[PDB]
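Asker: Protein chains in written order, with the deposited numbering: chain W, 1 to 94; chain N, 1 to 136; chain J, 72 to 141; chain I, 2 to 126; chain f, 1 to 38.
All C-beta atoms in this analysis are idealised placements derived from N, C-alpha and C, irrespective of residue type, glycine included.
One structure, as structure tokens, below. Some questions next.
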Amino acid sequence: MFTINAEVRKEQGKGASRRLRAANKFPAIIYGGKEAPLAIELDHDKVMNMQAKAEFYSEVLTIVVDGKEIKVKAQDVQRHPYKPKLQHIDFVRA
Amino acid sequence: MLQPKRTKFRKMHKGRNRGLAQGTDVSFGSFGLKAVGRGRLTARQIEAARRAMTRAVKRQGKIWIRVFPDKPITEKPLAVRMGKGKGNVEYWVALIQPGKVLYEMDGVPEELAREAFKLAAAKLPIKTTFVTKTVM
Amino acid sequence: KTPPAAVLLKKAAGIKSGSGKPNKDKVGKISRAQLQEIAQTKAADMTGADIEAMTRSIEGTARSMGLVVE
Amino acid sequence: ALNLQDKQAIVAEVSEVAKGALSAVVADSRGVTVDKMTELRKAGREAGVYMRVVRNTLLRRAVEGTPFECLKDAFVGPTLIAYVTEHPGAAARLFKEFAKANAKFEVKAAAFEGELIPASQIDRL
Amino acid sequence: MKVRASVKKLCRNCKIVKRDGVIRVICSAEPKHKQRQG
RNA sequence: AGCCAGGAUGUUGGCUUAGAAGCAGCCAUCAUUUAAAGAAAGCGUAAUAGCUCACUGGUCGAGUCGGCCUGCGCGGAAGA
Ligand SMILES: [Mg+2]
Ligand SMILES: [Mg+2]
Ligand SMILES: [Mg+2]
Ligand SMILES: [Mg+2]
Ligand SMILES: [Zn+2]
């Protein structure tokens, strides 16, 4: 059972995202279900260590946003081309 | 020595090599040798690298080459002025962008593959790194 | 001392020489009774506290030269 | 190397044999071939004697469980312990004839009655 | 004394040590094995 | 990390060889007594012997091991 803490994004787009990644966080998004897609950011190193284990991709995780829990599955992950980093992540509401 | 069996055209424009790679991932084997730098692999270089890592694994496991030298490169010979038409085709290259996976390998332990890819990397003009297959 | 485990396993399996490629080429067979007699002579020569221990060291000397237990 | 659990199991074993044994002789095991030790384990299985070579830090954890707390000072130097579970003594007679015949090691200090018996006076036992 | 740009450990006996702005390899066993970066 | 000590039986494992006894090579790499000791990591012998390692008991008494991502450096670097 993996736990991920996240804040919603006050901004969006290219600039926002590159600043985000240079601050050592990275964008992600949660969609699926009845609700509206929720844009979030994550702490890079936490997620980077968590996704090293197979379970991460096969299992239901919990994302804590504003104290509220959402159960998700990892759908699609974009990785930086030559570096050991993550560009971005899709979580579908489980 | 790799080279297109036939082509629609004999000579080519120099072009530019920009952007990132497609196929930054290991689609076949367990391990792969990915290019972090930027540049050209001549056919010869791909051959030599392949040979090195074939020697190192003693013809066990399986090896793929995910790059191919499809672009022709021309040279004017010695003692020739400029102009009077484009030079003749000397050799072929592959254009390599950061992130491209050059070789892939499996049916061997991790260590041996690291060693092998090191040996092969020695024969290539661009900076490289070792990578592994990931779920998703 | 008592004659080597190898010699007793060579006269037990009815052979002369053991295998050139042990565990690949199987050069003969010895029943557990032969293992126990040979490991009783070798018991007079072994470090074992039990029959099973010495019969196991003679089992090892039986596998190293390529002779099966049957 | 050993897992912590392995060492917990071993401390529980040396403590369990320490609770059922009348006399315990602590003796240096050093400078001895394992054939002389196979012979002392045979002569030790003969007399009902329980022989072991363990870590000394582990030996103070099996000793701390009463009434062996005197032997903590005989655990300086490599330690081979003899527990006689059935009958008392007879490890104290064998360890001296072993130390004399071999002329190896030490045989430092014993324990009986809840007390420590020094190297020279184990001739009592 | 092999003078070259790449210096390595050829065994367990070999020891790499930096003297006076120079990387050196000293072997207690095999003086053949003695290297200097440069 | 150093230092003290052990590093054992089958057995000189089988094949080969004039010899191959952990230590030319080929094959197996089992089991025993064990705190621990590879059918042996290197030296050594005509083959042994012998030196030493893997491993462990002791002493000592508090931090240590090797990767990840990076910043700045060192060598690589010789001409009138
Ligand atoms: Mg811009
Ligand atoms: Mg263009
Ligand atoms: Mg000087
Ligand atoms: Mg130490
Ligand atoms: Zn050396």
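1) With a threshold of 8 angstroms, establish whether the CB of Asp20 of chain f neighbours any heavy atom of ligand 3.
2) Quick check for students: name the residue ranges of the alpha helix (DSSP H) that lie wholly in the stretch 16-63 of chain I, counting only runs of 4 or more.
3) Of the choices N:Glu111, N:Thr134, N:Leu102 and N:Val131, whose alpha-carbon is the least far from that of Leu124 of chain N?
4) What are the uninterrupted segments assigned as beta strand (DSSP E) that are 3 or more residues long and contained completely in the stretch 23-86 of chain N, given in chain order?
5) Taking 8 angstroms as the cut-off, is the beta-carbon of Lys71 of chain W closer than that to any non-hydrogen atom of ligand 1?
6) Identify every residue that forms a DSSP beta bridge with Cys11 of chain f.
7) Using a Cβ-Cβ cut-off of less than 9 angstroms, list which residues of the stretch 46-77 of chain I approach chain J; keep chain order.
8) Which residues, in chain order, does the stretch 19-49 of chain I contribute to contact with chain J at a C-beta distance below 9 angstroms?
9) Please classify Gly32 of chain N as buried or exposed, where buried requires at least 16 other C-beta atoms within 10 Å of its C-beta.
10) Is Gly19 of chain N close to ligand 2? I mean its beta-carbon at under 8 angstroms from any heavy atom of the ligand.
11) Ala121 of chain N bridges to which residues according to DSSP?
12) Given that a residue counts as buried once 16 or more other Cβ atoms are within 10 Å of its Cβ, and exposed if not, what is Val80 of chain N?
13) Out of I:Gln122, I:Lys37 and I:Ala83, state which residue places its alpha-carbon closest to the alpha-carbon of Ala19 of chain I.
14) Applying the criterion that 16 or more other CB atoms from any shown protein chain within 10 Å of the CB defines a buried residue, is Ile4 of chain W buried or exposed?
15) Does any heavy atom of ligand 1 sit closer than 8 angstroms to the C-beta of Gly15 of chain W?
16) Please confirm whether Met136 of chain N has its beta-carbon closer than 9 angstroms to some beta-carbon of chain W.
17) If I measure Cβ to Cβ from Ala29 of chain f and keep anything under 7 angstroms in the same chain, skipping five residues before and after, which residues do I get?
18) Exposed or buried, which one is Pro37 of chain W when buried takes at least 16 other CB atoms within 10 Å?
19) With a threshold of 8 angstroms, are at least 3 pairs of Cβ atoms found where one atom belongs to the stretch 34-47 of chain I and the other to the stretch 127-136 of chain J?
20) Beta carbon of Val50 of chain I, beta carbon of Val27 of chain I: below 9 angstroms?
21) Taking only three categories from DSSP, how would you classify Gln78 of chain W?
Answerer: The relevant details are as follows:
1) In the fifth sequence, counting from the first residue as 1, residue 20 of chain f sits at position 20. Because some heavy atom of ligand 3 lies under 8 angstroms away, the Cβ of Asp20 of chain f counts as near it: yes.
2) Listed in chain order, the complete alpha helix (DSSP H) runs (minimum 4 residues) inside the stretch 16-63 of chain I are 35-47.
3) Locating residue 124 of chain N in the second sequence gives position 124, counting from the first residue. Per the Cα distances, N:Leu102.
4) 31-35, 39-42, 62-65 and 71-75
5) Counting from 1 along the first sequence, the entry for residue 71 of chain W is found at position 71. Checking the Cβ of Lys71 of chain W against ligand 1 gives no.
6) Position 11 of the fifth sequence, counted from the start, is the residue given in the question as residue 11 of chain f. BP columns for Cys11 of chain f are empty, so no partner.
7) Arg46
8) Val35, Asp36, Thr39, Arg42, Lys43 and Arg46
9) As a first step, residue 32 of chain N must be located in the second sequence, where it is residue number 32. Around the beta carbon of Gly32 of chain N, 16 or more other beta carbons lie within 10 angstroms, which makes this residue buried.
10) Here residue 19 of chain N corresponds to residue number 19 of the second sequence, with the count starting at 1. Answer for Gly19 of chain N: no, Cβ out of range of ligand 2.
11) On the second sequence, position 121 is the one that residue 121 of chain N refers to. According to DSSP, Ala121 of chain N bridges with nothing at all.
12) As a working mapping, residue 80 of chain N is identified with position 80 in the second sequence. So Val80 of chain N ends up on the exposed side.
13) Within the fourth sequence, the letter at position 18 stands for residue 19 of chain I. For the residues I:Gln122, I:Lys37 and I:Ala83, the minimum Cα distance to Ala19 of chain I belongs to I:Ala83.
14) The residue labelled residue 4 of chain W in the question sits at position 4 within the first sequence. Per the 10 Å Cβ criterion, buried.
15) Taking the first residue of the first sequence as 1, we reach residue 15 of chain W at position 15. For ligand 1, at least one heavy atom lies less than 8 angstroms from the Cβ of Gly15 of chain W.
16) Reading the second sequence from its first residue, position 136 is the one you call residue 136 of chain N. Chain W has a Cβ within less than 9 angstroms of the Cβ of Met136 of chain N.
17) In the fifth sequence, the residue the question calls residue 29 of chain f occupies position 29. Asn13, listed in sequence order.
18) For the purposes of this step, residue 37 of chain W is identified with residue 37 of the first sequence, where counting begins at 1. Classification of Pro37 of chain W: exposed, given that the 10 Å Cβ count is below 16.
19) no
20) For the purposes of this step, residue 50 of chain I is identified with residue 49 of the fourth sequence, where counting begins at 1. For the purposes of this step, residue 27 of chain I is identified with residue 26 of the fourth sequence, where counting begins at 1. Taking 9 angstroms as the Cβ cut-off, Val50 of chain I and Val27 of chain I do not qualify as a contacting pair.
21) Locating residue 78 of chain W in the first sequence gives position 78, counting from the first residue. In the structure shown, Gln78 of chain W sits in a strand (DSSP, three-state: E or B).
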